[PDB]
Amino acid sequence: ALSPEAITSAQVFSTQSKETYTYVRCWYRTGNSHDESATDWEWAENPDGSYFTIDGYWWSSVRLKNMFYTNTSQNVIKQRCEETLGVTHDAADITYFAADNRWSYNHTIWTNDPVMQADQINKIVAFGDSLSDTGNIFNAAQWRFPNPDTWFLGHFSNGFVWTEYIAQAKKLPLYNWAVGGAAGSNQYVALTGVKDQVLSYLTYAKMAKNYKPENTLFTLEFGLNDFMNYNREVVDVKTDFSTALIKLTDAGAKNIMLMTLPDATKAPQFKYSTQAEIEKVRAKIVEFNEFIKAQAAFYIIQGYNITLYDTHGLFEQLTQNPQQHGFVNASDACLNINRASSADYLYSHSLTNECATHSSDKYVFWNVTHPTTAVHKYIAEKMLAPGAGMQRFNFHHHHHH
């Protein structure tokens, strides 16, 4: 039950004073396409071949969910990984973490902000569920869920998710607090709800140096995993979501990206479902989407930088006319799964012959519920488009010759 307001300046000083070093684990997709989710890693090296280390300190409130705080930029770390791996395929999709040893978990590396800090967005912080999670439930599941041969290293897709595509387009670090709530995640110990992700984030941000919440772009999507796998009532999801935004804005957040939930009943899982089952899930999404719109409007009135993306509408166009958006199939899972369940995420599956023929980049769905990385990319492109909503955020704004 860690509370950021309980953390003392003495705990802050003691944590930061434990200066040490760690190594960098560089992950990459071994195959040349998004069809193959399998990954491997190597230790980052210096140009001379010696191991690349980073100086800094750890903090957790446990020890296994530890974050490493360094002054080394994300650019320098990524460059070391890119130069060490020597992989040339576009789908290498390199990711990196702090690790002392081969048995260590994948620890997020946080680059501490400088004292001389420009007034603009310098990082993206994500809150959410399996549509945003890049490795939290994976670490909690001891790298077993979602299966790393079928699902891209802790991601609930065959590649990067929408937040990573936005971070890459903006050239900003992405720090993920989203927790995958997909079927079978209940077997693992992790944050329940989006209010607790905000509380957890604030405790880690307390250990950061020169941190200014106004310079963070926060992203928030939640509700689908709760509605579909935990049979949660709308009233409870609304309370959790509302409380998370209250905590976030009360902590000094200024730039927040909100989004409506796509209608999960349009997914292949609901192909043969009764209208009663479809209506029960759809009613919850529709009601929750109207609530998100009112929450967005409320924070706009107060003077916050809010963008609300209609991802529900974007997804409706996609599933209704896939060929109009560069997709061949919006009705079947790309994976060969005949009896859908929690084993979609626990065990490995091959692509159907049909998906291998067209490629996973031409399919909307990876399994019966989760979309492919091409869909995440497509969504990010729509969000990043001129005048689509990114202009409301305090990004760097250049001069004109």
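So that there is no doubt, residue numbering starts at 1 and follows the sequence shown.
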Would 295 to 303 or 311 to 319 have the larger average of its C-alpha temperature factors, as given in the entry? 311 to 319
Got a sec? Mean C-alpha B-factor, which is higher, 195 to 203 or 230 to 238? 230 to 238
Among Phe218, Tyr175, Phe160, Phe327, where is the Cα B factor highest in this entry? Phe327
Looking only at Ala251, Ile256, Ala118, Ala244, the Cα with the top B-factor belongs to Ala118
According to the PDB entry, is the CA B factor of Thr373 in the bottom, middle or top third of its chain, that is, lowest, middle or highest? lowest
Split into thirds by Cα B-factor across the chain's modelled residues, where does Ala276 land: lowest, middle or highest? highest
Here the Cα B-factor of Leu351, set against its chain, lands in the third termed highest
Compare the C-alpha B factor of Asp149 with those of the other modelled residues in its chain, then answer lowest, middle or highest third. highest
Grab the CA temperature factor for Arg29 from the record and place it in the lowest, middle or highest third of its chain. lowest
